[PDB]
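We've got the same protein chain twice here, in two forms, each standing alone as structure tokens: structure 1 and structure 2.
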Structure 1
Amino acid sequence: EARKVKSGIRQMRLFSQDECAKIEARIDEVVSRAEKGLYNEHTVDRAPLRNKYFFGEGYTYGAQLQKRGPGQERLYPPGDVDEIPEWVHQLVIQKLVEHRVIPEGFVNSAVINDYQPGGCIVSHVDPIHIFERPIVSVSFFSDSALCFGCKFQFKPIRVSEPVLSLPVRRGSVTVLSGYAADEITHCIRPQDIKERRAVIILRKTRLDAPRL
């Protein structure tokens, strides 16, 4: 299963320090605008140590699901979340298309996940009924790891030993497909977030993805 996950992982260094510093400033400006109430309601998802910023297409998850279950996550109504920022197209998405990571016109969803030290996201599969593959992630502000096949326990939070631990370094691009994207959860453990880390996740929603 660890070997199976490996076949679906593409990881490469793509962004330089100056490019990360420019984007990390754009991330800091996204956080500032969200704190000023200048984004649409569903653009900003707030949790104690993690903030999610949905552009282009957002999704419901977790406790926002009244009926929890496989296939229950939903996209928001059309045109609800804010459009992908121009700086995301030029700085992040044009670099990925020019380096053949994804086709042009693939990405219609750009989500920025912002983690404070000790933050996490519990094990999950990116909803197969919502998102097409592959899943592209670009990390910022610090180095961390992406873990697979972890079982979470709570009160207090405990995370089982990962099937695979993948270091995700600042400026590196992580791509998930196949088994690593479909047949096993991925997560972030609190111990792996030692400083603030942000990741811009570029995805393609399916033509049949249900909306709220």
Structure 2
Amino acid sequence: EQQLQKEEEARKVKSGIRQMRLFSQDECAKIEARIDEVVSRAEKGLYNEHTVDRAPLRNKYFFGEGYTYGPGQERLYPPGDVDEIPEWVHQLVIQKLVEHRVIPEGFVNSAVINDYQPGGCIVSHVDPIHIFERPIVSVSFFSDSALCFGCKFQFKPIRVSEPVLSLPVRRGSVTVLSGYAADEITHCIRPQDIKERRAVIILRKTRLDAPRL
């Protein structure tokens, strides 16, 4: 069988991935406390309708900009519909990324927190190309996990038992997605890779021509 094709694809995906450990135990602890605060405030109904997206395995919290249901016709909510990026995100997360030249100042106009229960997951998807610019930066928080690329296995486990690549994502680590890894392949999380609670902050810039609702 041609498993050289799988090695070619994995190499192409590797080239769109950069990773650095940026946040110490203490820094992570402080951000985690704030994440916990977002969850509490969401339970209290303190956010706009489109800020919070509650689902069985995973909750998402949209700040700055957000979007609708996503076959692939995601739309951007009008200004004011989602809550603004909280100051602690600017101070504790974004600043540290700018200070380490991960992304430039003023790039980030969208912050999304994904909160996973054990056994939570993400189904195969590409980050909406018509909505977000690249690179796509994310920071992992409560525990360690794995990000998979080439997620055909979620649907055809007999034909292909495995992802093209699995990327470890440690607590306090920064993942940057671009090129092939962001545009040419899907990613996902396997339920089994989420043993304990895990949250992630995803920092992006929305496109200027992003279709609006």
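Structure 1 provides the reference sequence; residues are numbered from 1 along it. Only residues modelled in both forms are compared. Superpose the two forms; the largest set of C-alphas matching within 1.5 Å is the rigid core.
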item	value
Sole residue of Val175, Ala34, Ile184, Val159 shifting 2 angstroms or more in CA between structure 1 and structure 2, core aligned	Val159
C-alpha positional change at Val107 between structure 1 and structure 2 - rigid core reference, Å	0.2
Mobile segments between structure 1 and structure 2 - rigid core superposition, Cα shift of 2 Å or more, 3+ residues	151 to 160
